[PDB]
């Protein structure tokens, strides 16, 4: 069973923010227009039996004072009067400003993603679904008491906490967004049982600034967790311009090696679409092509081949029609891999009420033409495999050198694997 989170009120709330507009509606209606919905189990967003129960769920990660302020922010925007000087100071102390402003539905909107991702986690735990998709979740930047990067509540952290607390259990978090998954990495910085791995662009002044090299008389180093969590936070920063094949070859062996050594009970994937070549960021050059294979589809197919219960989340993606094109192909691929059932998608966009948003071509492939020794990252592979070996030793896990070696030897790079 492949699950997908949706509902009537859920759709309205996910489409109520000023930044993401109707993106969620385009995504779900394109999935529906390609007749995928009858193949999927609807997973209803979680609801609670009291305000105290909802508050207890959200403050499993976020501070009480931060949740109080976010609810007040919504109350204030639902009325006419402006904020007092002391209300402004309170909101500024939680970064509820700039890129994370208030709007009349800001609390309900943020809470909805939490409701959907917690429901998704519960459907994996009780083995009702082998995979669950939530295209309304994936907000990786929010911190315990701080909004960041259009993210107000961290549905990912709360979903992972539910998985890891169910009954040895380890979770592997994989972050494919253009940006570093800083909020999820920070929440589990001291926790060996949640291993985080983000691949992303990093460069001076590019948001959020972390996930890359860190005094004046020593070579830079990668921080990678602390305390009991030492060696448990992984990062691969990449330069701008990377294409499908080079991104696939960059993360593929690393993903396979993480699965071999960590042996996770659950995988959580953030699948932000802002690495597409047609995203207005224009930083990476990934596609949604499916023969010349989309880096995204290569990575998802590899993750699903492990047969580990998996949560697939959304995230960034600022070309709304092209984000829908990618996530529709991810959804079809998940059905095929899990159910063994061929899913044939017409190259022409089907009739539906958002059809006119797919112009001028009205085709499923994004409108991009890919075009092309010293840009390699073999020293990153070596650094990351040494970190994985250190993680295994610290946590008294089997490090199967022979299997990791043969994996890397498939591409002639077995010498990078440490013993």
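Residue numbers count along the first chain shown, from 1.
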item: Other entries lacking residue 371, at least a third; value: yes
item: Other compared entries missing residue 279, a third or more; value: no
item: Missing residues, deposited sequence, between residue 372 and residue 373 (class: none, 1 to 3, 4 to 9, 10 or more); value: 4 to 9
item: Gap size, residue 168 back to residue 167 (deposited sequence, no coordinates); value: 4 to 9
item: Mean temperature factor over C-alpha atoms, higher-scoring stretch between 73-81 and 140-148; value: 73-81
item: Higher-B stretch (mean Cα B-factor, as the entry records it), 333-341 or 175-183; value: 333-341
item: Options 114, 293, 238, 157 - largest CA temperature factor per the record; value: 293
item: Maximum C-alpha temperature factor, selected from 288, 310, 134, 97; value: 97
item: Lowest, middle or highest third - CA B-factor, residue 297; value: lowest
item: Assigned third (lowest, middle, highest) for the C-alpha B factor of residue 128; value: highest
item: Third of chain Cα B-factors occupied by residue 323; value: lowest
item: Residue 234, C-alpha B-factor rank within chain (lowest, middle or highest third); value: lowest
item: Record-listed C-alpha B factor of residue 378: chain third; value: lowest
